[PDB]
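Inspection log for the structure reproduced underneath, given as structure tokens.
Please treat every number below as a calculation from the coordinates, not as lab data. In this analysis, Cβ positions are derived from the backbone assuming ideal geometry, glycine residues included, and neighbour counts consider all displayed protein chains.
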Amino acid sequence: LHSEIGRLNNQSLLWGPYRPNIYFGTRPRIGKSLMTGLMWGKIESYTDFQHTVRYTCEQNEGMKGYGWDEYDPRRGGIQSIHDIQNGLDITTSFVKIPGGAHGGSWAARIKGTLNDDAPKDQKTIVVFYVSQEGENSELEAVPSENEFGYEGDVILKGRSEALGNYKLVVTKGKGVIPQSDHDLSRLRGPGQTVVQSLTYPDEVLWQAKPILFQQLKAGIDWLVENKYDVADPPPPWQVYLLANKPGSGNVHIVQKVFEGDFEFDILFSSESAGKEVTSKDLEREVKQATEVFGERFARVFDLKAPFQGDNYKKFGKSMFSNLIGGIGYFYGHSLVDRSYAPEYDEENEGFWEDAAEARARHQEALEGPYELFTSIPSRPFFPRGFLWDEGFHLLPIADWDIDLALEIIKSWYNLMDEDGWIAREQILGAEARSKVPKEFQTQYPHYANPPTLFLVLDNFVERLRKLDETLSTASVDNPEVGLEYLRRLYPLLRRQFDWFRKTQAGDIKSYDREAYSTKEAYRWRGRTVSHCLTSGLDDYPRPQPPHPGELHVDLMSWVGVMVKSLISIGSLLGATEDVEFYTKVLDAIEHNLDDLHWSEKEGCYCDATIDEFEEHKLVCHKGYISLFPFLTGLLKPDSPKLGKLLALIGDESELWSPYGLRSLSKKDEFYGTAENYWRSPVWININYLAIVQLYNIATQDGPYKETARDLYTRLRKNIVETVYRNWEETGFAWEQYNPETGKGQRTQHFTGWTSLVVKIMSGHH
Ligand SMILES: OC[C@@H]1[C@@H](O)[C@H](O)[C@@H](O)CN1CCc1ccc(CCNc2cc(Cl)cc(-c3cccnn3)c2)cc1
């Protein structure tokens, strides 16, 4: 039965618009298969289209905004795109139609509407680019009846092992096709849809823009060669219309020119399914998707007061839809330093310089290939898997569709190597590498990241203890299925746990260090003078200088998180011997957090270092780090320490801004210094954890229940209203929020853990 659900899941999720790095495109969850992508640009001149054409996601003054209005990876969704440069409001509706044995069918409608400022007679070039990778597979454009191009639809017929037989139709569409009275029309037609079918080696098919342009440039060279010149030149849009040449190949370019508003359909019909997909099918299934989307949202994300109004609902739908809409399938080789240079052990004083020297040996090589099915933080700026981000992304996603979340967790854990390491940043294949300078691609097997994916696991567990509709919850509704999933993941869970304890160990024994346990102590590998990238809190101030005797209270707290998850999961699987070992680790961490990290003087947790005189010194920087045992749900609800942390959290002069909790206290000497990434701004993910822990304390008998209730109430309110107000004004989710002004700053399109706001509004943790 577990096997069966797995197969149904695979079939359900196979197709999607799983290329979030581009404005619109599709691919199945198969590394070498059929991919599509959309491009458009106005043409006003002989040289402008190279600058106007859109393909990969960006965000600048030329683009008002874009994102998903509704989305569910089982069903499809609707995206709208507001393009200032090209004077166009675009809608891309995508829908999946189950059937056959090959992952079903799908359709999309592309609709472009000129805005009020666009010239009513704008010419817009639109291209649908289709590529297929694989050795024993075929794809052919059925030739036109007409001389120079297609009057009606374009039919591509193809076949592969993965997909069987299929057809892909790009329909005629609606809208004015401009017509050229130029001489050239005798050779190139007056203007019509054209197709060029081509072949390149599989590994470069992803380079759609250069492939398109090479074809355009060859068209222009031909014009020059055949005496079309500046004495009497064809219009721009005709100069940029490819010569029709459909055929066989692994690349098919379908180009249309439209004047004014336009729309057209793409119909992918899986032969093994019933009849082929039609435009009437598309319209109906889009209508049905929206309906179902609405019904699910109201149940899953029922916004509580004072966010029950329709303005907040629209906001919630957009934040949620952009987050789940970001889901991608990535495939390819990654860049990894597998030297395990001894300098990476960071055992000496001044280790960072040693580590730099090892890096400058440049032993990193490509390995894999790997695949990953994941949501991402940022379509325009970093459309790829980040390890601790995904823990946050999956929290709202799991509400929506627990089976989807488990699928993504499973996908991440399948990356894990023999030692228990998953790179914190997953750059798979040349397409993904194109977005990343070479200097930042290399992953290091000694670099951890917070294991926030356990948080998702914890939620699954609690849910477990207490057809698309069916499939979405099958792993909770069938407790047998749930347990098998856990049985199978559990060893990698344990492996990662052991990996943390092996590779990120702090040093008690070699110093004047007294604590309940000689074992429980942690130090993030990879820190430099100004940074600790692996912790997730890039420039939060740490002991200076960095030192092998450092201990990090956030890292120990993450280990606590993992061990508690292991207790619950082990217990479920009857892994008795393990659960005894875990229990003693938890007990030791509980004590050692205290012995090694608690500052009575300061009233909070501090990281630790080793002095000039070799003694254990606390290094206190009031901020998110300071709160970690609380944030990670480690403290008892009656803990006097918790009560002091509650005081710090509520304290306006320290962490509490009208906009949420500040990353670093205004009293800290490093407040608002350097790049000020984590040195003051409000981050939704850490605020999310605060809000969750406040609510836990608030709904249990105890001494701080009422303080917790007040802080919960207000923090929820401040965080939601801040993200809402900026969304209202800018159309964007942002990376972080200014505690003085409330303004979103750093990058936009951060969906991204900022989308946690839909669960904050939802409440009832
Ligand atoms: O969320 C994932 C991670 C977290 O895991 C970490 O914990 C956190 O510390 C950071 N997070 C992001 C890590 C990150 C940040 C930044 C870049 C470079 C992006 N390049 C770029 C290019 C252009 Cl053309 C414009 C702009 C741009 C525009 C407007 C405003 N600001 N910038 C940016 C890569 C990766």
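Summary of computed values
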{"quantity": "Cα Rg, Dmax (largest Cα-Cα span) when computed across the stretch 431-518, Å", "calculated": "19.7, 62"}
{"quantity": "Residue pairs, from the table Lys509/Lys636; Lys245/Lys280; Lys96/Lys167; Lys64/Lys172, whose Cα atoms sit over 18 Å apart", "calculated": "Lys509/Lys636; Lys245/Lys280; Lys64/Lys172"}
{"quantity": "Share of Cα-Cα pairs in the stretch 469-552 lying beyond 14 Å, as whole percent", "calculated": "73 percent"}
{"quantity": "Alpha-carbon spread of the stretch 689-765, three principal axes, descending order, Å", "calculated": "42, 24, 17"}
{"quantity": "Candidate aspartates and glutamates for bridging to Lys120, where Cα separation is under 15 Å - those fewer than 8 sequence places away on the same chain excluded", "calculated": "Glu44, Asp89, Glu259, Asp261"}
{"quantity": "Estimated vicinal HN-Hα couplings, Hz - the stretch 751-756 in sequence order (Karplus 6.51, -1.76, 1.60; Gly, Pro = x)", "calculated": "10, x, 5, 4, 5, 3"}
{"quantity": "Footprinting exposure proxy for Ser568, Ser45 (fewest neighbouring C-beta atoms within 10 Å first)", "calculated": "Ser45, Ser568"}
{"quantity": "Translational diffusion coefficient (Stokes-Einstein; Kirkwood radius from C-alpha pairs) of the stretch 670-719 at 20 °C, 1.002 mPa s, in µm²/s", "calculated": "178 µm²/s"}
{"quantity": "Cα extents of the stretch 21-274 along the three principal axes, largest first (Å)", "calculated": "58, 38, 30"}
{"quantity": "Additional length obtainable on full extension of the chain from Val436 to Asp117, 0.36 nm per residue less Cα span", "calculated": "111.3 nm"}
{"quantity": "q = 0.22 Å⁻¹, the stretch 317-366: log10 I(q)/I(0) [Debye, one scatterer per Cα]", "calculated": "-0.77"}
{"quantity": "Modelled label reach - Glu740, point 7 Å along Cα→Cβ, the stretch 535-568 residues with backbone N closer than 17 Å", "calculated": "none"}
{"quantity": "The stretch 145-188 - convex hull of alpha carbons, volume per residue in Å³", "calculated": "99 Å³"}
{"quantity": "Simple spin-label estimate for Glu4 and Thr528 in nanometres, 7 Å along Cα-Cβ", "calculated": "5.5 nm"}
{"quantity": "Distance (nanometres) between label positions extended 7 Å along Cα→Cβ at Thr730 and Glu276", "calculated": "4.7 nm"}
{"quantity": "Helix-derived mean residue ellipticity, 222 nm - over the chain, DSSP H n ≥ 4, -39500 (n - 2.57), to 500", "calculated": "-11000 deg cm²/dmol"}
{"quantity": "Computed lengthening from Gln214 to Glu161, 0.36 nm per intervening residue step minus Cα-Cα distance", "calculated": "16.0 nm"}
{"quantity": "Built amide H within the under 5 Å cut-off of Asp261, gap 5+", "calculated": "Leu114"}
{"quantity": "Karplus 3J(HN,Hα) series, Hz, for the stretch 130-138 with 6.51 cos²θ - 1.76 cosθ + 1.60 (x for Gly, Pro)", "calculated": "10, 10, 9, 9, x, 7, 10, 9, 9"}
{"quantity": "Cα-projected label distance for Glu263 with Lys509, points at 7 Å along beta-carbon direction, nm", "calculated": "7.2 nm"}
{"quantity": "For the chain, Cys with no neighbouring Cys Cβ under 4.7 Å", "calculated": "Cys57, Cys532, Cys604"}
{"quantity": "For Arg384, residues with placed amide H under 5 Å, excluding near neighbours", "calculated": "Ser378"}
{"quantity": "Burial ordering of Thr470, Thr124, fewest other beta-carbon atoms within 10 Å first", "calculated": "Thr470, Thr124"}
{"quantity": "Computed FRET value (nearest 0.05) for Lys717 with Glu580, which takes r as the C-beta separation and R₀ as 45 Å", "calculated": "0.55"}
{"quantity": "For the stretch 1-53 and the stretch 687-737, distance of Cα centres in Å", "calculated": "36 Å"}
{"quantity": "Shape category assigned to the stretch 429-479 from the gyration tensor of Cα positions, a/c cut at 1.5", "calculated": "oblate"}
{"quantity": "Alpha-carbon Rg/Rh ratio, for the stretch 504-620, with Rh computed the Kirkwood way", "calculated": "1.01"}
{"quantity": "Debye log10 I(q)/I(0) for the stretch 48-124, one point scatterer per Cα, at q = 0.15 Å⁻¹", "calculated": "-0.63"}
{"quantity": "GluC sites (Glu not before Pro) within the stretch 630-738, DSSP loop, no more than 15 other Cβ atoms inside 10 Å", "calculated": "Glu652, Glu669, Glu675"}
{"quantity": "Rounded Å value of the spacing that divides the Cα centres of the stretch 610-680 and the stretch 185-226", "calculated": "59 Å"}
{"quantity": "Gyration tensor (alpha-carbon) shape descriptor, the stretch 339-449, a/c threshold 1.5", "calculated": "prolate"}
{"quantity": "Difference of contour (0.36 nm per residue) and Cα-Cα distance, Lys502 to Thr470", "calculated": "7.4 nm"}
{"quantity": "Translational D in µm²/s for the stretch 699-738 (Stokes-Einstein at 10 °C, 1.306 mPa s, Kirkwood Rh from C-alpha pairs)", "calculated": "135 µm²/s"}
{"quantity": "Volume per residue that the Cα convex hull of the chain spans, once the total is divided by residue count, Å³", "calculated": "167 Å³"}
